[PDB]
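Here the structure comes first, spelled out in structure tokens, and everything after it is commentary.
Protein chains in written order, with the authors' numbering: chain V, 14 to 199; chain S, 14 to 199; chain T, 16 to 199; chain Q, 14 to 199; chain U, 14 to 199; chain I, 4 to 194; chain J, 4 to 194; chain K, 4 to 194; chain L, 4 to 194; chain M, 4 to 194.
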């Protein structure tokens with residue numbers, strides 16, 4: 014698979030387009046973050062990111078989340094397919110004016126889930142981190158959507174699904190598009 | 014597979030031909046979408062897409078559907094072998110006048126299926142999304158075929174198979190061909 | 016690396032090698048080479064087929080692909096052919112369809128499996144019949160025999176050696192060296 | 014997997030940015046250490062290291078620790094995602110002034126864990142090594158965080174999670190940043 | 014994964030730094046031995062060797078111990094992480110003046126272990142070989158450390174662990190270093 | 004573990020398992036997936052009770068998610084052939100064969116607990132082979148589907164066109180709905 | 004292993020297992036995951052005790068982590084159908100299905116030990132299929148969820164809106180908390 | 004294999020298994036991991052002996068490495084409920100659940116062998132799910148931990164602050180050490 | 004299959020298994036790896052025989068490759084606690100836990116066959132966890148090692164430092180060698 | 004399935020298994036791979052027959068491909084210990100351990116069938132560990148090999164130097180060859 018990807022990678026760096034497809038795991042984080050820093054060294058031109066993931070490791074999304082804010086070039090986000098919890102975190106990394114979505118796109122916002130095993134004392138420590146993680150993710154979406162953290166917590170109690178149109182009213186998506194000509198660069 | 018495809022990919026990129034063979038998954042979407050954006054940057058010339066898929070992930074097909082509509086060059090769709098729910102979604106992405114098929118090609122239009130395991134409250138949310146997905150997929154075919162959405166839902170209750178000839182009368186295919194010389198460019 | 020390396024010289028001689036089970040991967044590779052070669056020049060293309068069977072739907076891509084491209088495809092049968100390989104074997108014109116001395120051919124009805132309600136089984140049954148009727152019409156046009164004759168012989172595994180294939184009309188001429196091939 | 018990343022190594026060496034993603038194992042140590050020695054041979058310019066790991070082999074983490082101190086160029090450490098026990102050891106290798114962290118980073122400091130199966134006499138040997146390891150690691154953090162080893166041992170009895178802000182007061186992190194422009198070279 | 018290491022070899026061969034990480038197996042022998050012979054053909058300059066392994070095939074270790082003594086350039090040995098029995102045999106291949114160690118390095122010296130299953134006569138033959146091997150290893154560490162063979166056999170009856178400081182007194186390590194500038198070339 | 008029970012008859016004390024004791028009162032239990040081995044036990048029990056008293060009614064409790072069609076037919080055909088009237092009482096679930104055996108009881112002797120759930124769907128089948136073999140087996144599964152619909156119509160009184168329409172997809176029916184449909188006669192609530 | 008026990012009655016000496024010996028005293032044990040096979044045994048025992056003495060009070064100890072909903076309904080419907088009062092004494096734990104049977108006991112005869120835990124949860128079900136099948140199955144599970152809430156509301160006496168609210172998520176309750184809620188009547192501490 | 008033993012009573016010779024023969028003498032064995040099935044047998048054994056002689060003491064031997072908390076609580080609550088004094092003797096080892104029953108024996112009637120080992124640690128549990136579910140389960144396991152600590156303090160007499168400290172980590176206790184702690188009363192050495 | 008043996012006593016013919024018949028003669032068999040389940044049977048057998056005749060000796064045959072220390076400790080303590088002298092005869096092999104029960108027999112009543120093998124080695128234990136837990140378990144296993152060595156010195160009479168030296172590594176011993184060591188008293192050759 | 008046989012004794016009919024029935028005639032079967040569990044049964048059978056009649060001969064049929072050396076030695080030592088002679092009829096095959104018992108039979112009472120096969124070789128064993136442990140176990144297996152060679156030399160009468168040579172590799176021997184070698188005394192053809 015290296016030769017096929019590596020060949021297409023040559024031209025992908027020229028167009029400044031990152032395709033975040035698949036489950037958000039450790040390996041994908043290293044590849045995606047590596048491409049972002051490389052593109053930033055070449056020039057400050059915008060970068061187009063396509064997100065389509067069914068969820069995964071939330072900690073990996075934090076790396077990509079801050080990496081976008083870390084680099085200077087503005088990242089244009091064009092959601093596609095299903096934007097899960099981890100994918101949504103990456104989607105929120107871009108400025109509101111730079112968050113675009115396609116017509117048949119979904120957005121899932123659910124509270125983080127995990128598994129713990131061991132003594133009660135160890136479980137208590139895990140409980141505090143999970144609660145802190147939930148509060149941290151609620152504030153992230155609040156700044157990107159404009160809603161209050163309490164509203165997010167009430168909606169994220171279960172799997173909260175949102176289509177492209179519903180996401181615009183919620184404040185997560187700025188404008189829906191169908192062709193690249195409808196994108197307005199800053 | 015990687016090294017093997019790389020030698021063929023180099024010459025294949027020069028002719029603007031994309032081959033979609035096998036199940037539609039997240040991995041295939043990333044590879045196929047990369048070729049579309051790459052070819053679009055080289056020139057606005059048409060792109061030929063061959064579809065042969067027995068099914069796959071529905072969300073992956075949406076990215077290909079939007080990507081075809083996202084890029085500027087017109088995509089010529091030539092169905093070959095067997096098409097399915099995921100492959101048909103990709104087939105409808107192209108304009109009616111640019112939808113060609115082979116004599117022995119087959120088509121299958123069935124409603125999406127999935128599995129949910131959990132509390133009743135979560136199943137209710139999953140039920141809503143499946144219904145919305147079915148309605149969303151019915152409007153897509155209704156627009157490409159011209160039939161009303163009610164007819165699509167009635168025929169797609171079970172596995173609805175269509176050959177090359179029946180597809181033309183149904184409005185999904187515009188013209189059946191056997192040689193490249195029979196293709197009419199816009 | 017071996018494939019990619021050898022592929023460099025394989026495109027100069029225009030010789031495609033179909034070997035092993037006909038699967039989805041084979042169709043993508045075989046179809047890519049055919050389209051690539053056609054873009055380079057309209058010279059003939061030599062195809063070597065050896066397969067114990069495989070997915071019939073994959074064979075359709077290679078079937079029409081041979082007829083889709085402009086250069087004439089020279090079909091050389093070697094080893095063992097089956098339902099998937101024979102379908103590909105019948106794609107080339109009779110005058111360009113050659114075989115070898117120890118080649119074998121097999122023509123059997125397509126097989127599959129279905130699980131579920133009776134209503135779904137009925138739909139599947141109809142497609143199996145249509146697929147069987149379509150294959151009979153394909154070999155009939157290549158062999159010259161009526162579809163009924165093909166169906167009667169295809170009721171069970173019909174094994175045809177290199178010599179019997181000529182009398183049946185599936186092979187035009189048997190050869191042992193490339194010097195015996197007559198181009199159009 | 015290598016040809017894709019190797020194709021990116023061309024520009025990765027120019028920017029001098031190492032990425033430590035995933036569990037700390039024997040294979041990652043050989044790759045990370047190779048890059049450090051290679052970059053040092055090219056020039057003495059600073060090196061940026063991104064650490065995000067959930068845990069791993071302690072002995073593997075000792076090579077990177079000394080390797081940073083072994084080479085001449087100063088290593089700028091930027092924390093991202095989760096900094097586990099083994100990842101924290103790598104983080105402490107850099108100077109306090111050169112230690113930076115992201116806003117949503119996490120840190121974990123716990124005593125090492127292992128397993129032993131065999132006679133009682135062999136178990137006594139393993140017990141001594143684990144005790145010496147616990148004291149060795151505590152001294153490393155006690156020196157980097159400017160805290161006494163006794164306090165570290167008391168806090169590391171169980172999982173001791175620390176957020177980005179909490180790490181600053183603890184002395185593990187010097188300054189939290191959001192963009193590369195906030196970094197000050199020595 | 015091989016492609017990244019392969020690209021790095023062109024630069025690794027310039028700095029003359031061999032890395033021995035992970036279990037010592039037949040595969041490692043070919044890579045390590047090939048690098049030593051290749052470097053020897055380029056020039057007689059010193060070679061830096063980093064050893065970090067938890068053990069492995071003892072016969073494989075002899076190939077490395079042999080190659081170090083076979084080639085002409087002097088091998089500079091730097092211990093990192095853990096130096097097990099198989100790794101320690103490689104460590105003893107270099108000269109005393111060229112045996113360095115890091116501050117947090119470990120050294121384990123234990124008698125060889127193996128398994129036999131078959132007739133009693135076969136076990137007797139295997140018993141002699143295990144004894145001839147144990148005595149051979151004892152006479153190697155003795156020459157390198159200066160201790161008598163009886164002392165090594167007595168201490169190696171059970172798992173004997175030695176830190177960096179203890180190794181200097183034993184005679185396995187000559188001088189502990191923290192920076193490359195502290196190395197003294199012959 | 005199966006508990007033991009003592010009848011304490013006039014002649015003397017005897018020990019019978021919980022299932023055997025109830026069998027003495029012309030009661031048969033159908034639990035789990037329907038298969039040839041367990042179905043054969045029911046057939047044997049039905050015949051044995053017939054000889055003991057060919058006039059006294061028999062009660063068949065049905066709690067099964069379905070199973071083999073052939074095994075079920077052996078029970079249904081046996082119930083109708085014998086002289087005694089085989090009552091039927093649903094005790095919570097009948098998906099495919101449970102409702103055919105619940106609706107194949109003597110008229111006026113088909114009951115259902117208050118919270119029981121009854122379903123009806125077409126027979127599922129699985130087979131692989133050549134096209135000719137598939138066509139042969141397809142006709143067999145289509146013939147069975149018709150014979151099963153005819154049985155429900157006979158006992159329920161509904162027209163065949165309605166049964167076929169209701170068996171295309173899974174249809175759940177409660178105790179009250181089943182009475183109007185004709186699957187059962189009465190819903191037992193209290194003694 | 005199950006230990007044997009001797010009754011030493013007036014008639015003579017008969018050996019009964021530890022479980023069967025208690026069955027004579029109107030006691031039935033519900034242990035492990037609820038399933039069709041084990042649940043059917045409870046039904047057989049309940050019916051047997053009814054015939055033995057239709058006026059005495061039956062006792063049903065419940066220590067189970069839950070199970071099949073259909074299996075539980077067969078027990079609940081059986082207890083309410085028969086005339087004898089079925090007392091309940093929760094020992095250990097009582098999950099969703101176990102709690103329903105505990106609440107379904109005769110008024111004033113529901114008990115629990117001091118360190119017992121009672122949890123009420125919504126039905127957990129799984130199914131795979133087409134959109135049409137999913138829509139049908141989703142309605143069925145939603146129907147069952149409504150019926151179970153009504154059952155608990157009837158015995159506990161709390162309004163339906165509170166039951167649905169408290170059953171959305173796992174809610175553990177102690178003996179004292181259960182008495183105020185209405186799931187039980189008295190907490191047995193000592194004799 | 005379990006050997007057979009003959010009682011040779013006045014009425015005649017009866018065959019009893021090695022375990023049932025001891026049960027006649029008010030002896031109960033607790034072996035293996037604690038679970039709902041094995042624990043239920045102990046409950047029945049404890050209840051059965053109560054009716055035979057509610058005044059004579061009962062001997063409960065405990066050799067187990069722990070297991071489920073809910074199953075063990077059913078045993079502890081039963082021992083404290085029944086009027087007879089349940090003596091406890093540790094033959095082998097005693098883990099967290101094992102030592103809660105040992106300490107739960109009648110005052111002055113707790114014993115342990117010279118080489119017996121007693122351990123007490125926090126309760127072990129595991130669960131996966133959303134953050135809301137974890138917050139609920141975390142409070143439940145924490146509550147259960149407090150109830151267990153209170154039981155030990157009641158029977159041992161030590162303050163709750165000390166028990167919590169000694170239960171945080173695994174702490175082994177020999178026969179002599181346990182006497183001072185309060186877990187037991189006497190260490191049986193020789194007859 | 005276990006063969007059956009008949010006592011053919013004056014009272015009448017009774018069928019006993021091959022193991023139960025020997026148990027009547029105060030014989031107990033210890034076969035296989037030592038575990039909690041088999042060890043409890045040996046304990047139950049020892050206690051039962053004690054009541055039948057607290058004066059007659061008991062013969063314990065040991066053929067086992069070792070096992071759990073806790074299980075073995077219950078047997079050793081039980082033999083020393085009961086009043087009757089417990090003779091020991093080693094057949095087959097005798098591993099560390101096996102030999103701790105052989106040496107623990109009554110003085111002058113320890114035997115072994117001519118080709119029997121006796122071995123003594125350090126206790127084997129396995130545990131994984133944090134550094135703090137490892138330190139705790141290391142002390143526990145070391146304590147058990149000291150206690151085990153003290154037991155051998157008591158019955159063998161050899162110095163404690165000698166036992167620790169010989170138990171560090173596997174040391175095989177025959178009948179003649181064992182007598183000099185003190186593990187046994189006499190080696191049976193023929194009747 | 005093991006069939007049942009009736010003794011039809013004077014006292015009355017008794018149901019005996021096929022194996023136990025033959026045991027009453029002083030016949031023991033040694034079938035299958037040798038192990039501690041099966042070997043102890045033979046030991047118990049040998050001892051039981053010894054008490055019933057220590058003068059009447061015993062017939063031990065042997066058909067086994069070998070197994071554990073320790074388990075086999077316990078049988079051999081038992082045969083030589085008990086007073087009654089133990090005949091050894093070799094049916095089927097007799098490998099190294101299976102052939103040591105045949106040779107261990109009473110002189111002049113060792114038999115084999117015409118097509119029986121007897122093989123003897125070294126005692127297979129295996130162990131893994133450190134060089135120190137390997138050297139310890141190597142001496143043990145070598146010592147055992149000498150003990151077996153001496154046993155065969157004593158009964159067969161051949162010099163020890165010949166046994167070691169013939170046991171180095173697998174050596175098959177027919178009935179006629181075994182008589183000359185000394186492994187047996189007579190070959191039974193017919194009664």
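Backbone N, C-alpha and C define an ideal beta-carbon position, used for all residues, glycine too.
Enumerate in chain order the residues of its own chain whose CB-to-CB distance from residue 125 of chain M is below 8 Å, with the five nearest sequence positions on each side excluded.
In the tenth chain, the residue the question calls residue 125 of chain M occupies position 122. Excluding sequence neighbours, residue 125 of chain M sits near 99, 148, 170 and 171.
Bridge partners of residue 69 of chain V, per DSSP?
Here residue 69 of chain V corresponds to residue number 56 of the first chain, with the count starting at 1. Answer by DSSP bridge pairing, in chain order: V/37.
Given that residue 44 of chain M touches chain L, what residues does it touch there, using C-beta distances under 8 Å?
Walking along the tenth chain from the start, residue 44 of chain M turns up at place 41. Chain L residues near residue 44 of chain M: 5, 6 and 21.
For a contact defined as C-beta to C-beta under 7 Å, what are the partners of residue 16 of chain Q on chain V?
Within the fourth chain, numbered from 1, the residue matching residue 16 of chain Q stands at position 3. Within 7 Å Cβ-Cβ: 15, 16 and 19.
Would you mind telling me which residues of chain K sit closer than 8 Å to residue 34 of chain J, beta carbon to beta carbon, in chain order?
On the seventh chain, residue 34 of chain J is found 31 positions in, with the first residue counted as 1. The contacting residues are 39, 40 and 43.
Give me the Cα-Cα distance between residue 93 of chain S and residue 78 of chain I, rounded to the nearest whole angstrom.
Here residue 93 of chain S is taken as the residue at index 80 of the second chain, counted from 1. Here residue 78 of chain I is taken as the residue at index 75 of the sixth chain, counted from 1. Distance between the alpha carbons of residue 93 of chain S and residue 78 of chain I: 51 Å.
Short check: CB of residue 82 of chain I to CB of residue 121 of chain I, under 8 Å?
Taking the first residue of the sixth chain as position 1, residue 82 of chain I is located at position 79. Taking the first residue of the sixth chain as position 1, residue 121 of chain I is located at position 118. Taking 8 Å as the Cβ cut-off, residue 82 of chain I and residue 121 of chain I do not qualify as a contacting pair.
What residue ranges within the segment 110-160 of chain U form continuous beta strand (DSSP E) runs of no fewer than 3 residues, ordered along the chain?
112-114, 119-122 and 126-131
Closer than 8 Å at the beta carbon, the chain I residues around residue 144 of chain T:
Translated into the one-based positions of the third chain, residue 144 of chain T becomes position 129. Simply 134 and 138.
When the cut-off is 8 Å and only beta carbons count, does residue 17 of chain L lie next to chain M?
In the ninth chain, residue 17 of chain L corresponds to position 14, counting from 1. Judged by the 8 Å Cβ criterion, residue 17 of chain L is not in contact with chain M.
Which residue marks the beginning of the beta strand (DSSP E) containing residue 124 of chain L, and which one marks its end?
Locating residue 124 of chain L in the ninth chain gives position 121, where the first residue counts as 1. Careful: residue 124 of chain L lies outside any beta strand (DSSP E) and carries neither H nor E.
Per DSSP, what are the beta-bridge partners of residue 115 of chain I in this structure?
If you number the sixth chain from 1, residue 115 of chain I lands on position 112. Paired residues: I/93 and I/190.
Residue 192 of chain V (DSSP reduced to helix, strand or coil)
The residue labelled residue 192 of chain V in the question sits at position 179 within the first chain. Reduced to three states, the DSSP call for residue 192 of chain V is coil.
Taking the Cβ atom as the reference point for each residue, do residue 119 of chain Q and residue 176 of chain Q lie within a distance shorter than 8 Å?
Translated into positions along the fourth chain, residue 119 of chain Q becomes position 106. Translated into positions along the fourth chain, residue 176 of chain Q becomes position 163. Contact: yes.
Show which residues of chain M have a CB atom less than 8 Å away from the CB atom of residue 191 of chain L.
Residue numbering aside, residue 191 of chain L sits at position 188 when the ninth chain is read from its first letter. In chain order: 84.
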